[PDB]
>>> print(open('final32.tsv').read())   # TSV, N, CA and C atoms
chain	number	residue	atom	x	y	z
A	1	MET	N	5.33	5.64	4.28
A	1	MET	CA	4.72	5.88	5.58
A	1	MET	C	3.64	4.85	5.86
A	2	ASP	N	2.55	5.30	6.48
A	2	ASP	CA	1.44	4.42	6.85
A	2	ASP	C	0.16	4.76	6.10
A	3	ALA	N	-0.28	6.02	6.14
A	3	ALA	CA	-1.52	6.39	5.46
A	3	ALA	C	-1.40	6.22	3.95
A	4	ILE	N	-0.20	6.41	3.40
A	4	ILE	CA	0.00	6.17	1.98
A	4	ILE	C	-0.31	4.72	1.63
A	5	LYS	N	0.07	3.79	2.51
A	5	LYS	CA	-0.26	2.39	2.28
A	5	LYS	C	-1.77	2.17	2.28
A	6	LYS	N	-2.48	2.85	3.19
A	6	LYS	CA	-3.94	2.74	3.23
A	6	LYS	C	-4.55	3.25	1.93
A	7	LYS	N	-4.04	4.38	1.43
A	7	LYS	CA	-4.52	4.90	0.16
A	7	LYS	C	-4.25	3.92	-0.97
A	8	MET	N	-3.08	3.27	-0.95
A	8	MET	CA	-2.76	2.29	-1.98
A	8	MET	C	-3.73	1.11	-1.92
A	9	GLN	N	-4.06	0.64	-0.72
A	9	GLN	CA	-5.01	-0.46	-0.58
A	9	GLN	C	-6.38	-0.06	-1.11
A	10	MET	N	-6.84	1.14	-0.75
A	10	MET	CA	-8.16	1.58	-1.20
A	10	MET	C	-8.21	1.72	-2.71
A	11	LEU	N	-7.15	2.26	-3.31
A	11	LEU	CA	-7.15	2.49	-4.75
A	11	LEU	C	-7.08	1.18	-5.54
A	12	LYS	N	-6.84	0.05	-4.87
A	12	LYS	CA	-6.89	-1.24	-5.54
A	12	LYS	C	-8.19	-1.98	-5.24
A	13	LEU	N	-8.78	-1.74	-4.06
A	13	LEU	CA	-10.04	-2.41	-3.73
A	13	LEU	C	-11.13	-2.04	-4.73
A	14	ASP	N	-11.27	-0.75	-5.04
A	14	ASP	CA	-12.25	-0.33	-6.03
A	14	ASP	C	-11.91	-0.86	-7.41
A	15	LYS	N	-10.62	-1.01	-7.72
A	15	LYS	CA	-10.23	-1.64	-8.98
A	15	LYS	C	-10.76	-3.07	-9.05
A	16	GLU	N	-10.61	-3.83	-7.97
A	16	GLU	CA	-11.13	-5.19	-7.94
A	16	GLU	C	-12.64	-5.20	-8.10
A	17	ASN	N	-13.33	-4.27	-7.43
A	17	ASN	CA	-14.78	-4.19	-7.57
A	17	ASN	C	-15.19	-3.93	-9.01
A	18	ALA	N	-14.51	-2.97	-9.66
A	18	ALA	CA	-14.83	-2.65	-11.05
A	18	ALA	C	-14.56	-3.84	-11.96
A	19	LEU	N	-13.45	-4.55	-11.74
A	19	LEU	CA	-13.15	-5.71	-12.57
A	19	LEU	C	-14.20	-6.80	-12.40
A	20	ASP	N	-14.65	-7.03	-11.17
A	20	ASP	CA	-15.69	-8.02	-10.93
A	20	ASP	C	-16.98	-7.64	-11.64
A	21	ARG	N	-17.39	-6.37	-11.52
A	21	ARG	CA	-18.60	-5.94	-12.20
A	21	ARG	C	-18.46	-6.05	-13.71
A	22	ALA	N	-17.27	-5.74	-14.23
A	22	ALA	CA	-17.04	-5.86	-15.66
A	22	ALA	C	-17.18	-7.30	-16.12
A	23	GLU	N	-16.61	-8.25	-15.37
A	23	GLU	CA	-16.74	-9.65	-15.74
A	23	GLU	C	-18.20	-10.09	-15.72
A	24	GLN	N	-18.94	-9.70	-14.68
A	24	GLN	CA	-20.36	-10.06	-14.61
A	24	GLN	C	-21.13	-9.50	-15.80
A	25	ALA	N	-20.89	-8.23	-16.13
A	25	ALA	CA	-21.59	-7.60	-17.24
A	25	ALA	C	-21.24	-8.27	-18.56
A	26	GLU	N	-19.97	-8.63	-18.75
A	26	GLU	CA	-19.57	-9.32	-19.98
A	26	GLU	C	-20.28	-10.65	-20.12
A	27	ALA	N	-20.34	-11.43	-19.03
A	27	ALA	CA	-21.03	-12.71	-19.10
A	27	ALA	C	-22.51	-12.53	-19.43
A	28	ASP	N	-23.16	-11.57	-18.77
A	28	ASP	CA	-24.59	-11.35	-19.03
A	28	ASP	C	-24.83	-10.91	-20.46
A	29	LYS	N	-24.01	-9.99	-20.97
A	29	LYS	CA	-24.16	-9.51	-22.34
A	29	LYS	C	-23.98	-10.64	-23.34
A	30	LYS	N	-22.95	-11.48	-23.13
A	30	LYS	CA	-22.73	-12.58	-24.06
A	30	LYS	C	-23.89	-13.56	-24.05
A	31	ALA	N	-24.40	-13.89	-22.86
A	31	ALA	CA	-25.54	-14.80	-22.78
A	31	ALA	C	-26.76	-14.22	-23.49
A	32	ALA	N	-27.04	-12.94	-23.26
A	32	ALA	CA	-28.21	-12.32	-23.88
A	32	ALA	C	-28.07	-12.29	-25.40
A	33	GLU	N	-26.88	-11.96	-25.91
A	33	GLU	CA	-26.70	-11.91	-27.36
A	33	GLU	C	-26.81	-13.30	-27.97
A	34	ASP	N	-26.31	-14.33	-27.28
A	34	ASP	CA	-26.47	-15.69	-27.77
A	34	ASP	C	-27.94	-16.09	-27.82
A	35	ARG	N	-28.70	-15.73	-26.79
A	35	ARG	CA	-30.13	-16.03	-26.82
A	35	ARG	C	-30.82	-15.29	-27.96
A	36	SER	N	-30.44	-14.03	-28.19
A	36	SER	CA	-31.05	-13.25	-29.26
A	36	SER	C	-30.77	-13.86	-30.63
A	37	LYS	N	-29.53	-14.31	-30.86
A	37	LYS	CA	-29.22	-14.91	-32.16
A	37	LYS	C	-29.90	-16.27	-32.31
A	38	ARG	N	-30.05	-17.01	-31.21
A	38	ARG	CA	-30.83	-18.25	-31.27
A	38	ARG	C	-32.28	-17.97	-31.64
A	39	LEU	N	-32.86	-16.91	-31.07
A	39	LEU	CA	-34.23	-16.54	-31.43
A	39	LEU	C	-34.32	-16.05	-32.87
A	40	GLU	N	-33.27	-15.42	-33.39
A	40	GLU	CA	-33.23	-15.07	-34.80
A	40	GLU	C	-33.30	-16.32	-35.67
A	41	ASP	N	-32.50	-17.33	-35.33
A	41	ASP	CA	-32.56	-18.59	-36.06
A	41	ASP	C	-33.93	-19.23	-35.95
A	42	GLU	N	-34.55	-19.14	-34.76
A	42	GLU	CA	-35.90	-19.66	-34.58
A	42	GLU	C	-36.89	-18.95	-35.49
A	43	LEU	N	-36.78	-17.63	-35.60
A	43	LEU	CA	-37.69	-16.88	-36.47
A	43	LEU	C	-37.49	-17.25	-37.93
A	44	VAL	N	-36.23	-17.45	-38.34
A	44	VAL	CA	-35.97	-17.88	-39.72
A	44	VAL	C	-36.59	-19.25	-39.98
A	45	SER	N	-36.43	-20.17	-39.02
A	45	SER	CA	-37.03	-21.50	-39.17
A	45	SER	C	-38.55	-21.41	-39.24
A	46	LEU	N	-39.15	-20.55	-38.42
A	46	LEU	CA	-40.60	-20.39	-38.44
A	46	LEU	C	-41.06	-19.82	-39.78
A	47	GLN	N	-40.31	-18.87	-40.34
A	47	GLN	CA	-40.64	-18.36	-41.67
A	47	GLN	C	-40.56	-19.46	-42.71
A	48	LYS	N	-39.54	-20.31	-42.63
A	48	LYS	CA	-39.42	-21.40	-43.59
A	48	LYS	C	-40.58	-22.38	-43.47
A	49	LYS	N	-40.99	-22.70	-42.24
A	49	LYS	CA	-42.10	-23.63	-42.06
A	49	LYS	C	-43.42	-23.01	-42.52
A	50	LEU	N	-43.59	-21.70	-42.30
A	50	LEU	CA	-44.76	-21.01	-42.84
A	50	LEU	C	-44.78	-21.08	-44.36
A	51	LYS	N	-43.62	-20.88	-44.99
A	51	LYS	CA	-43.54	-20.97	-46.45
A	51	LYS	C	-43.88	-22.37	-46.94
A	52	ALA	N	-43.38	-23.40	-46.25
A	52	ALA	CA	-43.68	-24.77	-46.65
A	52	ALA	C	-45.16	-25.10	-46.50
A	53	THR	N	-45.77	-24.65	-45.40
A	53	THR	CA	-47.20	-24.86	-45.21
A	53	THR	C	-48.01	-24.13	-46.27
A	54	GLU	N	-47.58	-22.92	-46.64
A	54	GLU	CA	-48.23	-22.21	-47.73
A	54	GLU	C	-48.07	-22.93	-49.06
A	55	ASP	N	-46.92	-23.58	-49.28
A	55	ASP	CA	-46.75	-24.39	-50.48
A	55	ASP	C	-47.73	-25.56	-50.51
A	56	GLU	N	-47.87	-26.25	-49.38
A	56	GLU	CA	-48.82	-27.36	-49.32
A	56	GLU	C	-50.25	-26.86	-49.52
A	57	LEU	N	-50.56	-25.68	-48.98
A	57	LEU	CA	-51.87	-25.08	-49.21
A	57	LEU	C	-52.07	-24.70	-50.67
B	1	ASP	N	47.71	29.24	51.13
B	1	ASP	CA	48.79	28.36	50.74
B	1	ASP	C	48.84	28.17	49.23
B	2	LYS	N	49.83	27.42	48.77
B	2	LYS	CA	49.86	26.97	47.39
B	2	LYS	C	48.91	25.82	47.13
B	3	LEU	N	48.43	25.16	48.19
B	3	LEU	CA	47.50	24.06	48.03
B	3	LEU	C	46.20	24.51	47.38
B	4	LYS	N	45.58	25.55	47.94
B	4	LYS	CA	44.23	25.96	47.56
B	4	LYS	C	44.13	26.42	46.11
B	5	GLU	N	45.14	27.15	45.63
B	5	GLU	CA	45.11	27.69	44.28
B	5	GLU	C	45.04	26.58	43.23
B	6	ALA	N	45.40	25.36	43.62
B	6	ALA	CA	45.28	24.20	42.74
B	6	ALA	C	44.09	23.33	43.13
B	7	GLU	N	43.86	23.16	44.43
B	7	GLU	CA	42.69	22.42	44.90
B	7	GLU	C	41.41	23.07	44.41
B	8	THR	N	41.41	24.40	44.31
B	8	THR	CA	40.31	25.12	43.70
B	8	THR	C	40.07	24.55	42.31
B	9	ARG	N	41.14	24.39	41.54
B	9	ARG	CA	41.02	23.75	40.24
B	9	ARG	C	40.72	22.26	40.36
B	10	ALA	N	41.27	21.59	41.37
B	10	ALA	CA	41.05	20.15	41.52
B	10	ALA	C	39.57	19.83	41.65
B	11	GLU	N	38.87	20.57	42.50
B	11	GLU	CA	37.43	20.41	42.63
B	11	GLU	C	36.74	20.94	41.39
B	12	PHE	N	37.34	21.95	40.76
B	12	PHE	CA	36.70	22.62	39.63
B	12	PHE	C	36.45	21.66	38.49
B	13	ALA	N	37.43	20.80	38.20
B	13	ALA	CA	37.28	19.86	37.11
B	13	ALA	C	36.29	18.75	37.42
B	14	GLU	N	35.91	18.57	38.68
B	14	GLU	CA	34.94	17.53	39.03
B	14	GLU	C	33.59	17.82	38.38
B	15	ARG	N	33.08	19.03	38.55
B	15	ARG	CA	31.81	19.39	37.93
B	15	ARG	C	31.94	19.42	36.42
B	16	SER	N	33.11	19.82	35.92
B	16	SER	CA	33.38	19.77	34.49
B	16	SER	C	33.20	18.35	33.98
B	17	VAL	N	33.84	17.39	34.66
B	17	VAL	CA	33.75	16.00	34.25
B	17	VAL	C	32.31	15.51	34.33
B	18	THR	N	31.59	15.88	35.39
B	18	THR	CA	30.21	15.44	35.55
B	18	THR	C	29.33	15.96	34.42
B	19	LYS	N	29.45	17.26	34.12
B	19	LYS	CA	28.66	17.84	33.03
B	19	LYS	C	29.00	17.17	31.71
B	20	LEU	N	30.29	16.98	31.44
B	20	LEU	CA	30.70	16.39	30.18
B	20	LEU	C	30.17	14.96	30.05
B	21	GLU	N	30.27	14.18	31.13
B	21	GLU	CA	29.84	12.79	31.05
B	21	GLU	C	28.33	12.68	30.88
B	22	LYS	N	27.55	13.45	31.64
B	22	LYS	CA	26.10	13.36	31.48
B	22	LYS	C	25.67	13.88	30.11
B	23	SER	N	26.29	14.97	29.65
B	23	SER	CA	25.95	15.51	28.34
B	23	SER	C	26.28	14.53	27.23
B	24	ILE	N	27.45	13.90	27.27
B	24	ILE	CA	27.83	12.98	26.20
B	24	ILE	C	26.98	11.72	26.26
B	25	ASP	N	26.62	11.28	27.46
B	25	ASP	CA	25.73	10.13	27.58
B	25	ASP	C	24.37	10.43	26.96
B	26	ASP	N	23.83	11.62	27.22
B	26	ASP	CA	22.58	12.00	26.58
B	26	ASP	C	22.74	12.14	25.07
B	27	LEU	N	23.86	12.72	24.63
B	27	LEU	CA	24.09	12.93	23.21
B	27	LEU	C	24.12	11.61	22.45
B	28	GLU	N	24.88	10.64	22.95
B	28	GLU	CA	24.95	9.35	22.26
B	28	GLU	C	23.60	8.66	22.26
B	29	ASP	N	22.87	8.73	23.38
B	29	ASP	CA	21.57	8.07	23.45
B	29	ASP	C	20.59	8.68	22.45
B	30	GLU	N	20.50	10.01	22.41
B	30	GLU	CA	19.58	10.63	21.48
B	30	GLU	C	20.04	10.46	20.04
B	31	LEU	N	21.35	10.43	19.80
B	31	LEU	CA	21.86	10.16	18.46
B	31	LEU	C	21.46	8.76	18.01
B	32	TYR	N	21.57	7.78	18.90
B	32	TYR	CA	21.19	6.42	18.56
B	32	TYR	C	19.69	6.32	18.34
B	33	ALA	N	18.91	7.05	19.14
B	33	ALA	CA	17.47	7.08	18.91
B	33	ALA	C	17.14	7.66	17.54
B	34	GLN	N	17.81	8.75	17.16
B	34	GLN	CA	17.59	9.33	15.85
B	34	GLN	C	18.00	8.38	14.73
B	35	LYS	N	19.14	7.70	14.89
B	35	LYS	CA	19.58	6.75	13.88
B	35	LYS	C	18.59	5.61	13.75
B	36	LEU	N	18.06	5.12	14.87
B	36	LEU	CA	17.05	4.08	14.82
B	36	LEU	C	15.79	4.57	14.12
B	37	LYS	N	15.37	5.81	14.40
B	37	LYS	CA	14.18	6.34	13.73
B	37	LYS	C	14.41	6.48	12.23
B	38	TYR	N	15.59	6.95	11.83
B	38	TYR	CA	15.89	7.08	10.41
B	38	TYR	C	15.93	5.72	9.73
B	39	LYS	N	16.55	4.73	10.39
B	39	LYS	CA	16.55	3.38	9.85
B	39	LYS	C	15.13	2.86	9.71
B	40	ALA	N	14.29	3.11	10.71
B	40	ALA	CA	12.90	2.69	10.62
B	40	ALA	C	12.19	3.35	9.45
B	41	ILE	N	12.43	4.64	9.23
B	41	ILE	CA	11.75	5.35	8.14
B	41	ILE	C	12.22	4.82	6.79
B	42	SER	N	13.52	4.60	6.64
B	42	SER	CA	14.06	4.09	5.39
B	42	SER	C	13.53	2.69	5.10
B	43	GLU	N	13.54	1.83	6.12
B	43	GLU	CA	12.98	0.49	5.97
B	43	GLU	C	11.50	0.55	5.67
B	44	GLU	N	10.78	1.47	6.31
B	44	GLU	CA	9.37	1.65	6.02
B	44	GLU	C	9.16	1.96	4.55
B	45	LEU	N	9.91	2.92	4.01
B	45	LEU	CA	9.77	3.28	2.60
B	45	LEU	C	10.08	2.09	1.69
B	46	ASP	N	11.23	1.46	1.89
B	46	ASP	CA	11.65	0.39	0.99
B	46	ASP	C	10.69	-0.79	1.05
B	47	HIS	N	10.39	-1.26	2.26
B	47	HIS	CA	9.53	-2.43	2.39
B	47	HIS	C	8.08	-2.11	2.06
B	48	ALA	N	7.67	-0.84	2.15
B	48	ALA	CA	6.34	-0.48	1.68
B	48	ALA	C	6.29	-0.51	0.17
B	49	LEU	N	7.38	-0.11	-0.48
B	49	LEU	CA	7.48	-0.28	-1.93
B	49	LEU	C	7.44	-1.76	-2.31
B	50	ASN	N	8.11	-2.60	-1.51
B	50	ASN	CA	8.26	-4.00	-1.89
B	50	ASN	C	7.05	-4.84	-1.49
B	51	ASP	N	6.29	-4.41	-0.49
B	51	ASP	CA	5.05	-5.08	-0.14
B	51	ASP	C	4.03	-4.79	-1.22
B	52	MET	N	4.08	-3.57	-1.78
B	52	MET	CA	3.30	-3.28	-2.96
B	52	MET	C	3.73	-4.15	-4.13
B	53	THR	N	4.94	-3.90	-4.66
B	53	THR	CA	5.53	-4.67	-5.76
B	53	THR	C	4.49	-5.07	-6.81
B	54	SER	N	3.59	-4.14	-7.12
B	54	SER	CA	2.44	-4.36	-7.99
B	54	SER	C	1.46	-5.36	-7.36
B	55	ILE	N	0.19	-5.25	-7.70
B	55	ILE	CA	-0.82	-6.11	-7.11
B	55	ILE	C	-1.64	-6.78	-8.20
>>> encode(input="final32.tsv", output="structure tokens")
Amino acid sequence: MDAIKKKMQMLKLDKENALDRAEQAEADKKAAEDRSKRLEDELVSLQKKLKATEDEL
Amino acid sequence: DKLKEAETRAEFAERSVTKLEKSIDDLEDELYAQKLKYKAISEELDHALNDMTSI
């Protein structure tokens, strides 16, 4: 019929919206986790430099 | 006379023919309209399925 087609269109539009939001959230999560692991490496490096300075002291 | 007993029938079949012709003309026209509507509905269903054809 006709209204069934409208329902089919609507039931896919929200699917597209959800997929777009999912992609955005995935990108943001990956970027944040990469920054966090980089800061972990930074903290390890800072600990090593503190240890070396304590050795010189 | 013997004329009238048949002429009565002669005129009688005139209205018979008129009713039959107008009725059959209406019948064929409405039948064709119904067939066109059914064809439209069937095509609507099939082509609505095929316009979908997954998205």
>>> atom_distance(input="final32.tsv", atom1="atom CA of residue A:28", atom2="atom CA of residue A:44")
24.5 Å
>>> interface_residues(input="final32.tsv", of="chain A", to="chain B", cutoff="9 Å", atoms="only C-alpha atoms", output="MDAnalysis selection string")
chainID A and resid 1:2 5 8 12
>>> atom_distance(input="final32.tsv", atom1="atom CA of residue B:19", atom2="atom CA of residue B:5")
22.2 Å
>>> atom_distance(input="final32.tsv", atom1="atom CA of residue B:53", atom2="atom CA of residue A:23")
24.9 Å
>>> decode(input="final32.tsv", residues="stretch 4-31 of chain A", atoms="N, CA and C atoms", output="tab-separated table (two decimals), in the first residue's frame")
chain	number	residue	atom	x	y	z
A	4	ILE	N	2.19	1.79	4.60
A	4	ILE	CA	3.19	0.79	4.95
A	4	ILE	C	4.56	1.23	4.45
A	5	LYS	N	4.62	1.84	3.26
A	5	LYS	CA	5.89	2.35	2.76
A	5	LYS	C	6.43	3.46	3.66
A	6	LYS	N	5.54	4.34	4.14
A	6	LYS	CA	5.97	5.39	5.06
A	6	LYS	C	6.54	4.81	6.34
A	7	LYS	N	5.88	3.78	6.88
A	7	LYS	CA	6.40	3.11	8.06
A	7	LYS	C	7.76	2.49	7.79
A	8	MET	N	7.94	1.90	6.60
A	8	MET	CA	9.22	1.31	6.25
A	8	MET	C	10.31	2.38	6.19
A	9	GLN	N	10.00	3.54	5.61
A	9	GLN	CA	10.97	4.63	5.55
A	9	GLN	C	11.35	5.10	6.95
A	10	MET	N	10.35	5.29	7.81
A	10	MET	CA	10.63	5.76	9.17
A	10	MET	C	11.47	4.76	9.94
A	11	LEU	N	11.17	3.46	9.80
A	11	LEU	CA	11.89	2.45	10.55
A	11	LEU	C	13.34	2.30	10.09
A	12	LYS	N	13.70	2.92	8.96
A	12	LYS	CA	15.09	2.92	8.53
A	12	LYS	C	15.79	4.24	8.84
A	13	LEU	N	15.03	5.34	8.87
A	13	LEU	CA	15.64	6.63	9.19
A	13	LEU	C	16.26	6.62	10.58
A	14	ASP	N	15.52	6.11	11.57
A	14	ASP	CA	16.07	6.01	12.92
A	14	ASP	C	17.23	5.03	12.98
A	15	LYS	N	17.21	3.99	12.14
A	15	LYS	CA	18.36	3.09	12.05
A	15	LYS	C	19.60	3.85	11.60
A	16	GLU	N	19.45	4.69	10.58
A	16	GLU	CA	20.58	5.50	10.12
A	16	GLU	C	21.07	6.43	11.21
A	17	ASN	N	20.14	7.05	11.94
A	17	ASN	CA	20.52	7.94	13.04
A	17	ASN	C	21.33	7.19	14.09
A	18	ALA	N	20.85	6.00	14.48
A	18	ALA	CA	21.55	5.21	15.49
A	18	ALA	C	22.93	4.79	15.00
A	19	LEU	N	23.04	4.40	13.73
A	19	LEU	CA	24.34	4.01	13.19
A	19	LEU	C	25.31	5.18	13.20
A	20	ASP	N	24.83	6.37	12.83
A	20	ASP	CA	25.69	7.55	12.85
A	20	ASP	C	26.17	7.86	14.26
A	21	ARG	N	25.25	7.82	15.23
A	21	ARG	CA	25.65	8.08	16.61
A	21	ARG	C	26.63	7.02	17.11
A	22	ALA	N	26.43	5.77	16.71
A	22	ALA	CA	27.34	4.70	17.10
A	22	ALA	C	28.74	4.95	16.55
A	23	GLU	N	28.83	5.34	15.28
A	23	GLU	CA	30.14	5.63	14.69
A	23	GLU	C	30.82	6.79	15.42
A	24	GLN	N	30.07	7.85	15.71
A	24	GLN	CA	30.66	8.99	16.42
A	24	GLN	C	31.17	8.57	17.80
A	25	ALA	N	30.36	7.79	18.53
A	25	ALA	CA	30.76	7.35	19.86
A	25	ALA	C	31.99	6.44	19.80
A	26	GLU	N	32.05	5.56	18.80
A	26	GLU	CA	33.22	4.70	18.65
A	26	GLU	C	34.48	5.51	18.41
A	27	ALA	N	34.40	6.50	17.52
A	27	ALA	CA	35.57	7.33	17.26
A	27	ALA	C	36.01	8.08	18.52
A	28	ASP	N	35.06	8.66	19.25
A	28	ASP	CA	35.41	9.40	20.46
A	28	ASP	C	36.03	8.49	21.51
A	29	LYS	N	35.45	7.31	21.71
A	29	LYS	CA	35.98	6.37	22.69
A	29	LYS	C	37.39	5.94	22.33
A	30	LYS	N	37.63	5.63	21.06
A	30	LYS	CA	38.97	5.21	20.65
A	30	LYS	C	39.98	6.32	20.86
A	31	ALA	N	39.62	7.56	20.49
A	31	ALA	CA	40.54	8.67	20.70
A	31	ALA	C	40.85	8.87	22.18
